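Just below is one structure, and these are the notes that go with it.
We place every Cβ from the backbone using ideal geometry, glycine too, and count neighbours over all the protein chains shown. Each answer follows from the model by the rule given with it, or from the source it names; no laboratory instrument gave them.
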Ligand SMILES: [Ca+2]
């Protein structure tokens, strides 16, 4: 043919000239037309480099076509000679005559080509297309239907929107109006098989499948085998990388244990028992301490029924500590510290009865909640402040406000009574307490460069714990707002025991805590027990008008007090109000010569063939340290890498009585994640390189750091993250439905969508997944064949090691949080059929393209 408008057709009907996503077209993608023109008269053939945006030629509707014309004429593409001025486009819309819109669109293409020629390229055009698309609901975030858009929406301090989700569903249709994404189909996707609902017949917990990101299908037997691979890798990290051969993790902190198919908790325990013989052997179990993160108390029952393969997280204790001691006003009664925990500590004088558990005063998420509360308060009338309108500058402001507030007596935002919260936590029986990095150090400074105001108090308690804390526990109210928490000492079962251990006499502790800052001065009588009659006690911590004292300086009691002939200690107390104490804090320990360690060895406690973890004196001898904050800064030098700072300070952690070191998720972070902390990760096996470290450092540094901690006598756990991945670079056509966090369809402002093709980012995993994914399965099957014959509860089938996951994609995923791309990107023809390009591996339909380009 002679040259003309037919040259708008695609140069070729394949991927060499038409961008596509599994055969489907996106309105924001580009193609190579056969030719182009600046005037409608002279036409030039394209080269392979001359691509154009599809939105110059095709639109989802007449409405959007008219919007495109209007937008471009108003943003640098005006030309009166081609009938395109601000006034000629002022009133065009949906109802404009079709041939008029087509003619204006053709004329606009000529004006666009003039602009491309003037600018010697398409870079301005590309920005103008992206800017235009952002104004069209169906080609941008708003059509996804965020709960953020609802009238008078209140932002959630968690920083994520739970029920901003889409699920991936099966679609092997032959109907062109429905499309087909059968490559992403699954026979699994068993959702919400969480906690006691593992078998699908007890949803008493109602714990959700979905949190944020691309949710991994942990019911898929191939995925279950891949988790075993991943666990094996982390448990042998240094050896397997050729880094420090002692740089291997000992166990796990299990992220989001309430939001993943509970099969994976069974399977993790099975692996670690196969490898290390943990079940029925307390020494081996405790050397591989593992602990599950969760805020659902139903997990305690679940874990007990399973013989306690991991520790239960006693979140109840955290809320009790905060509600009783930490509020400014409306404090719950002091007696709640006795009863409102997974363990009742009124008179706890037995062992192997309590649910094996870990407890805390603070963790990284709780500090985050507080800071986001402050951000939301500081910047109201911003409903998307915790989504796309979040700015780091607000966090910086919040932190300045926080540090100033933390130092005050009358705190507006920060917790009251932090030292007393820790005094309770660190003296409690039947728990593994967890200390928080940000309570010892100012967590936004360079790593460990600045001690927190609370460093002296907390470390005093940490060292004293190792020396003194053992035996039975009794917690007793002394008046309506004051209690005494007493430990009777190593080998001292209760208040009437004489003691059976050489350290019985010189161990034990009294912790006095009150939460009424106006409490009248009075004398109180503390029962230290029959093992401790006529005995001298040192005033470890006492309260003063301005703070705390460690040598009885300006407090109500002297440096040493002595028990009477019954073991009663007489103490003077009153209410105080200062930055450290709102109420009262006192701690007493036996006077001793030199060093003492009341650690109970696991070889000396009862072993039970049906149990892995047991809550007894040996497990109680452990203490966890959370080594990171979300607000930890990027390091300013190699020396300031957290891994290097940790290695250099290994002896300090030992000196503080830390036995178990919880390391941040070490995975390669998604660069655009809010905190770059490692939970939003693009590669599960790359833990950083010298050239591209994570926030914390390189993999080589990590392995040397683990070895240094091992040398100091600690065990080390890695935060393992099976729930989600975030930041995949590969898009995939998936069929989706708008749901809440349980995958149930919802409406938002009366609107919904179901079974819609959506171009989610789903595909990737990096070179780490390519190299290491499934790499150890054959050797695991050879050494531990039971791993792949034990039938999982939720599915009734074993993990499947016959397929290696070298690359993640939708078939291994339950769904995703809304990705802010739009639900109407997928091109449909005027009759409703999905456009489709049959080429290469994409054979679901015959080729069907919009008339404007074929
Ligand atoms: Ca999940």
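Some values worked out for this structure:
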| item | result |
| --- | --- |
| Residue match in the stretch 765-785 (condition: within 30 Å of residue 27 (Cα to Cα) and away from the ligand (no atom under 16 Å from the Cβ)) | yes |
| Of the criteria (1) more than 15 Å from the ligand (Cβ to nearest atom); (2) touching a residue at least 40 places away in the same chain (Cβ under 8 Å); (3) not in a strand (DSSP E or B), which one residue 253 fails | (3) |
| Residue match in the stretch 356-363 (condition: in contact with a strand residue (DSSP E or B) (Cβ under 8 Å, 6 or more places away or on another chain), surrounded by fewer than 17 Cβ atoms within 10 Å (Cβ to Cβ) and outside the structural domain of residue 205 (by CATH)) | no |
| Residue check, residue 705 crowded, with 19+ Cβ neighbours inside 10 Å, more than 16 Å from the ligand (Cβ to nearest atom), more than 17 Å from the chain's Cα centre (by Cα) and within 26 Å of residue 292 (Cα to Cα) | yes |
| Some residue of the stretch 271-281 being surrounded by fewer than 24 Cβ atoms within 10 Å (Cβ to Cβ), within 25 Å of the chain's Cα centre (by Cα) and outside the structural domain of residue 678 (by CATH) | yes |
| Enumeration of residues in the stretch 147-175 that are surrounded by 20 or more Cβ atoms within 10 Å (Cβ to Cβ) and within 27 Å of residue 398 (Cβ to Cβ) | 148, 155, 159, 161, 164 |
| Scan of the stretch 174-210 for residues that are in contact (Cβ under 8 Å) with a residue 12 or more places away in the chain, away from the ligand (no atom under 16 Å from the Cβ) and part of a loop (DSSP other than H, G, I, E, B), ordered by number | 176, 177, 178, 179, 180, 181, 185, 199, 204 |
| For residue 433: the one exception among (1) closer than 30 Å to residue 352 by Cα; (2) outside any helix (DSSP H, G or I); (3) over 27 Å from the mean Cα position of the chain (by Cα) | (3) |
| Search result, residues across the stretch 760-818 that are surrounded by 21 or more Cβ atoms within 10 Å (Cβ to Cβ), assigned to a loop (DSSP other than H, G, I, E, B) and over 26 Å from the mean Cα position of the chain (by Cα) | 801 |
| Strands (runs of 3 or more DSSP E) wholly inside the stretch 479-561 containing at least 2 residues that are in contact with a helix residue (DSSP H, G or I) (Cβ under 8 Å, 6 or more places away or on another chain) and closer than 26 Å to residue 347 by Cα | 482-487, 509-514, 536-543 |
| Whichever residue in the stretch 42-58 is part of a strand (DSSP E or B) and closer than 25 Å to residue 101 by Cβ and, among such residues, is nearest to the chain's Cα centre (by Cα) | 53 |
| Boolean, residue 299 is crowded, with 21+ Cβ neighbours inside 10 Å, in a loop (DSSP other than H, G, I, E, B), touching a residue at least 12 places away in the same chain (Cβ under 8 Å) and within 16 Å of the ligand (Cβ to nearest atom) | no |
| Residue tally, condition more than 46 Å from the chain's Cα centre (by Cα) and over 14 Å from residue 56 (Cβ atoms), over the stretch 66-84 | 6 |
| Among (1) part of a loop (DSSP other than H, G, I, E, B); (2) within 16 Å of the ligand (Cβ to nearest atom) - the single one residue 267 does not satisfy | (1) |
| The stretch 711-741: number of residues that are within 30 Å of residue 176 (Cα to Cα), in a loop (DSSP other than H, G, I, E, B) and either in contact with a helix residue (DSSP H, G or I) (Cβ under 6 Å, 6 or more places away or on another chain) or in the same structural domain as residue 624 (by CATH) (or both) | 0 |
| Single unsatisfied condition, residue 165 versus (1) within 19 Å of the chain's Cα centre (by Cα); (2) closer than 28 Å to residue 797 by Cα; (3) within 14 Å of the ligand (Cβ to nearest atom) | (2) |
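Yes or no, residue by residue, for (1) within 16 Å of the ligand (Cβ to nearest atom); (2) more than 19 Å from the chain's Cα centre (by Cα); (3) surrounded by fewer than 21 Cβ atoms within 10 Å (Cβ to Cβ):
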site: 258; (1), (2), (3): yes, no, no
site: 286; (1), (2), (3): no, yes, no
site: 322; (1), (2), (3): no, yes, yes
site: 328; (1), (2), (3): no, yes, yes
site: 332; (1), (2), (3): no, yes, yes
